[PDB]
Structure formats: C-alpha cells, structure tokens
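A structural walkthrough
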Amino acid sequence: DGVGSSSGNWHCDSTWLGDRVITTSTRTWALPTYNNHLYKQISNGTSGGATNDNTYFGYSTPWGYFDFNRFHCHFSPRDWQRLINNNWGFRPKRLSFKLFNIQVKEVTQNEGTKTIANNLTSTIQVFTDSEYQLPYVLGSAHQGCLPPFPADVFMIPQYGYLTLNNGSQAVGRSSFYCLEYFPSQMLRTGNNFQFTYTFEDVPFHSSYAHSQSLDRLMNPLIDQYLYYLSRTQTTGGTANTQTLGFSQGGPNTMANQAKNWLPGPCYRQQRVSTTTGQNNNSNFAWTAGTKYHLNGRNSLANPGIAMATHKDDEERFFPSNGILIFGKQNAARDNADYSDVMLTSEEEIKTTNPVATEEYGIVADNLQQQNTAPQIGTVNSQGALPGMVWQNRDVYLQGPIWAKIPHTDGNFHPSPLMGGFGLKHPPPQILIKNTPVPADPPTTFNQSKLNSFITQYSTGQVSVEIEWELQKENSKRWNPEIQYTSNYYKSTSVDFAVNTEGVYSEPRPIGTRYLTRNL
Amino acid sequence: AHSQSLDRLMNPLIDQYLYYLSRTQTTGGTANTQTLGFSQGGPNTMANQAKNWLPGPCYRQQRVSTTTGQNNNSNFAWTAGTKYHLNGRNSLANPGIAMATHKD
Amino acid sequence: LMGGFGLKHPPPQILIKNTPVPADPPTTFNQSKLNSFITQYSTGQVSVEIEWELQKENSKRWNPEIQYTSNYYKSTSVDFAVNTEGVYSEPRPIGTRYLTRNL
Ligand code: NA
Ligand code: NA
C-alpha cells in the first residue's frame, strides 16, 4: 500500500452463468467537505407559509454515504433487456463492495489564483452501519446513487436524518446521533476498503405478466353444478310479483359464476388524463390527492398500494399519485412539463389488482323488504379479505431495488410500495467522510474547538458486485411473447447512449413484465 | 418507543429523483387553465415525497377530554362507543386495535 | 487488400485513458455529473516484441539476384537518417520482393 501503487482495478462487467448473473460496476466519485465539518440541528416549523404537513426536526452531518439502490447502477440497458426478456423472476443473493485509489486534494486560494494539490498524508474515514444503529436513509428514492453511465463522475450525497418533532421543536424522545461515535477505517492514498454482504431469503420478483384474469379461470365450455339466485320477480307481463329463480353459471354468465378468489386490496386514487382538456379546470393535485393521516399531518399515499394504472383502452388515464414518475434528462426540478417526465404504468396487473381509479366493488347497504327496495354502497377503500390475491408494483431499470422493512411489531406484505425487495437486514449504509485537517492553530492555548481548516476534498473509485439468482421461464405458450425491443427505424440519436454533447440519457422507463404466466 | 416517525425516514438534505404531480392549473393571473406540473420531493416537501410504507390499521373511536367542560353535554359512552357486531349483539371494541391515544 | 496478413484473431486493441480527477466539487450536494476536472496528461514508455518465422531461400539460380542496396555515390544526407534539424525521414518505399523463385 503505497503512494505510487494503485489499490484496485476497474471492474465493470456482467457474466451470465445459468440461474445466476453477476453484475459488476465501478465509478469515480468526489466527496467535498460537508457542513464545514459540523453537525447541525435543522428544523422546519409552521411559521411563514410552511404547512404543518411538512414540519420536521433532525440533523445534517459532515458525512457522505454510498448508494447503489437503483437497478441501473448494476445493469446496463442491454443486460436489463437480457434479464426481462427471458426470466420469470430474479433476486439479489450477495454483494461485494470496494473503495480504492483514494486521493485527497487540498485547494489553496490566494488572489483570485486557485491551485489544487495532493495532500499525501490526509485520510478519509469509512464504515458500515452493520448493526443498523443509524437512521436508515437509503430506500427513500434519493438522488446521489452511482450513475447509470460508467463514464460519469458523481458527487457523494450528504448524510442527514430526522427524529421526532412537534412543529419545529424536538421532543423528549428525539434522538441525536454522532457518526464519529462508531469505529471507522481510516485510509490514506494507498489504503483501500471492502466488505461482503449476503442478502436474506426473499421471493423472486415477478418479472412477468399474467395471461389470465382472476374472473376468467373457468372452463369456457362447461356449466357449473352450483346455482346462483338468478331471478327475484316474475316476468310474464304486468302481474309481476316476487318469486325465486335459480340458475347455473355457464359460458354466457361468467360474471355470475361462483369463484374461489377476490381481487387484491384497494385504496382509490383520483384519475387524471394526459389530455389536459379532459381534466377539471382547478388545481387538485393536493386537494384531491389520496393521502394517509399520521399524528396530525397528511402525506400522499405515493404511489401507495399496487393497483392497475388504467383499464382497457385508457392509456391516457393515471392515478394522480399512484405511479412512479421519472424525469427525462434535464427535466426541471419544479413544475416540469408533462413532456419532460416519463410516467410508468402498472397496467400489467389489471389481471388481479383493482384499477387504481375505480371502486373495489359493491356491497349491500341495507335490509330489503317488500316495502323497502335494496340499496347498495360503492367500496373505494378495501383492506385485506380472505381469498384475495394480488401482484406487487413492478421494478424499473431506473427504479429502486430494496428498502429496509421498518422495525415494528407487525406489518402486512412488506414489499416496499415504491417497488422492490423488502429486507429486514438490507445492505448496510456505507458512510464516508474526509477527516478534518486543522489549519495552523494559535500559538497560545485556547479552549475553543478549532474552526479553521485546510480546504480539501477527496476522490477515488468505488466497486459494487452483486450476484443475482434467476428463475428461468418454463412456458408452454405456443405463440411468441411480448418483448422489450429497440426501435427499428432511423433516429437522430441512439436510445440509451450519449449526446453530441456527451450527455447520457434514459429515453424511457423500462419495466420487467414481458413474458407471461398463467394464474 | 420509536425515535423516528414513518413519514420522516428520508434524508433531510437530498431531493428525490422521483417526481410527483405538483400543479394542475396555471398561476399567471386570471386566465388560469388546466396544465400539468411535476416536481421532486425535497426537504421542504416531505409530505409530498414518495414513501415505501403506510401507517397501521385504523378503527376510529370517539374522542373525549379529561376537561369535562370541553365535552358534549350528553351521555354518549355507549351510544357513541366504537363497537363490533356479532350475531345480533354489540360489544365495545375495548380497547380495540392499537392506536395512539392522542396527537401532539 | 492494402497488404499484409489477414487474421481472424488479430493482436487485440490496447485501450488507454487518463482517469478523470475532479477539481474541487461544490460544498452542497448536486445531482449533475461533475464537469470540472484537474488538467492533466500522462507519459511513459511502451515496448513491443515480436517473433517472426523466416522461410529461407533455397534457389539454384546460378547468376546473382537483385538486391535492395544503399546508393553508392556522395549525397547531401544519409538515406534513412536524420536532418541537420533532427528530423528522421524515409526517402523511399521499400518493398519485399528481391529474391526470385520459379513458378
Ligand atoms: Na432501446
Ligand atoms: Na538506403
């Protein structure tokens, strides 16, 4: 381990071995000094115009962190295509992480003149929250992950966290965490860091779409032996009185047939069209938003439980806050136009999951008698019911991979709503920080903590290797399947490539459900 | 006791890469018509941020204050009680599912 | 067609690049890829050793053969050498077909 010796090589590749695929990606990173080496209490109350739904109390820290919770951090577009076009499923098995070729640079600023040089003896500090003692900030769809394109140099995100709050104030249970309290490895140029991790057992992601629907599992050609109430009143003319008539469900009465299952849970969202002219002329994104109520404040149930984005022929419709939406390259942070973002679609699950913008179904609302007509009620919120079956939200090339399951007494189907794998012991948080280097101190002793430091930052490479287990497709479907494919005809540029300006871009969201499977 | 809340698990300092519908109508004056505007959740919009979880189940109970003067003047302990209906008879869902006794 | 040996598995391409070294980054996080780098270049030596197999000549031709030869008489400079300015130059193209062979 010396100044003149590399401490690691560039490992970027993918190998397919059978029921496994191993991805490996390396990137060059840059880490500045955050918070001026300080920890700062940050808060936001209800003063000014800040609403109560957005209050918070927490801290910003001088630390940065590595994040690769995004599929494109590991799969190239072509690899993603190889995965989704041929496998009914897949899942993470184990990973290796490495930090190397570290270099700490210090910048001198005198008379407009700026010079940067190495500080051969400075160190960075690194450690993993292997015992999950820090607030788990990963799994919240934050920016700062390794770039999709291998040639892009990225900046390391700053670590910050939240605790309990009451307005802009802290409460008795509010917790303060000092990351310097943890043992951490100190590396100088020449030193490297690495660790291994094994994923817990988790189900394969459903990278397939159903080629059958819950309400169409019977034999088209045979009647049931079971009967259903088919008539409640006579029909012979005008002397119509009450009676009781029963019939057997059959090919023409599939909606009446007795069935064994029920569609998945529902939490109805407001519908909105991509054809603005068809929408009400008001600003309802928030006022008509589907939300949950937690201790006084409201949050969008975004994207909320997995529901079909729209029913047959209505591609223009989508749940106001019930789908993942990515931005196109350079889309504005605020009020970006529809043509600057990319809406995803969980259309593939219409097959088992209720459509996100409609009722779950209908229930009786009273007791009918001869003097009281029967009444019905529309169900727009339907929790788990015995016999329900459903699918989870799909995952995307540019979407999240996993999330830490909250440590609670209970929960229900812990599949992270934004999509992905829910893990009790997810990949550990990897914290990194440039060690503060005092600028000359006074010549006579003083109690005060130093606050004058040499200006510096660090850079180096990072590698992440993940082994994935594949669940091969075993279909007897005779006719060809749907497959993700590149466009055929000429185009100004190549999809999933760089610009004349060297800018890489992801033209569209790529899901995972192309192959089909029976129910 | 948890020292964090379900709706405050993100990093206070970083924006999401995910967007949410932020605007449905223009704002420039009185010619306001429908439009579509999207934004990225961030430190000041934590209520809008995409999240992975939902709060536990609910079965709303009637509230009552220990300051009698703030309560309706009637005997509602039973009539306004949260109950379940089993074969013709009703029982108080007491104490029922676990829910926070009160907010801040 | 330009001449030479056609190979299905020719010597591999050898790619080289200077690793980008970020110039100081901003002090508060930003999504954008860095675009400010320290200006640098690299230098070093490179060696290539190739072993060639020769097919010796086995001719019974009685009379001398044609041979590539340096010019005999005086000249301003030496062919295949440097200038008074230190510039090396190849005065002419030199082929390979001097010895002869029957059909
Ligand atoms: Na493509
Ligand atoms: Na010569």
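Cut-offs and rules
Position numbers follow the written sequence of each chain, starting from 1, instead of the entry's numbering, which may differ; residues with no coordinates are not represented. Labels are handed out in written order, letters beginning with A for the chains and numbers beginning with 1 for the ligands. What is shown is a subset of a larger assembly, and the numbers refer only to that subset. For the side-chain quantities, the full set of heavy atoms in the structure was used; hydrogens and water were omitted. UniProt positions are given in the numbering used here, feature names are shortened, and annotations may be inferred rather than shown by experiment. Two residues qualify as a contact provided that any one of their heavy atoms is within 4.5 Å of a heavy atom in the partner residue. The buried area of a pairing is the accessible area, by a 1.4 Å probe, that goes missing from both parts when the two are put together, added over both. The rule for a salt bridge is simple: a side-chain nitrogen of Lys or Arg has to be within 4 Å of a carboxyl oxygen of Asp or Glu. Think of a polar contact as two N or O atoms within 3.5 Å of one another; within protein, one of them needs to be a possible hydrogen donor and the other a possible acceptor, and neighboring residues in sequence only count if both atoms come from side chains. Only DSSP runs of H or I covering at least 4 residues are called helices, and only runs of E covering at least 2 are called strands; the numbering of each starts at the N terminus. Three classes are used, and their members are as follows: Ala, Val, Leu, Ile, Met, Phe, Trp, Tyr, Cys and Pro are nonpolar, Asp, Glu, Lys and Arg are charged, and the others, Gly among them, are polar.

Going by the header, the method for this PDB entry is X-ray crystallography, and the resolution given is 2.6 Å.

The PDB entry lists chain B under the name Capsid protein, with Adeno-associated virus - 8 as the source organism. Here the PDB entry's recorded title is "Structure of Adeno-Associated virus serotype 8".

Chain A has the name Capsid protein in the PDB entry, where Adeno-associated virus - 8 is given as its organism. Turning to chain A, the UniProt record has this under Sequence similarities (unreviewed entry): "Belongs to the parvoviridae capsid protein family." Recorded under Subcellular location (unreviewed entry), the UniProt text for chain A is reproduced unchanged: "Virion".

Thoughts on the interface of chain B and chain A
In this complex, chain B contributes 51 residues to the contact, which on the side of chain A involves 84 residues. Of the roughly 5,800 Å² buried between chain B and chain A, counting both surfaces, carbon and sulfur atoms make up 55%. Of all residues in chain B, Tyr17, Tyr19 and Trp53 of chain B bury the most surface against chain A, accounting for 14% of the area lost on that side. Of the charged contacts in the structure, one is a salt bridge between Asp7 of chain B and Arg297 of chain A, with a shortest N-O distance of 2.7 Å. Inspection of the region where chain B meets chain A yields 39 residue pairs in polar contact. For the side of chain B that touches chain A, the secondary structure elements donating two or more residues are β1 (19-25) and β2 (34-40) of chain B. Class assignment of the residues belonging to the side of chain B that touches chain A gives a composition of 21 nonpolar, 23 polar and 7 charged.

What about the interface of chain A and chain C?
Each partner contributes residues to the interface: chain A has 24 residues there, and chain C has 17 residues. On the chain A side of the interface with chain C, the three residues burying the most area are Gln143, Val153 and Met155 of chain A, jointly 36% of the side's total. On inspection of chain A and its partner chain C, the count reaches 2 salt bridges. Looking at the side of chain A that touches chain C, the elements that each hand over two or more residues are β2 (20-31), β5 (87-110), β6 (113-118), β8 (154-155) and β30 (456-472) of chain A.

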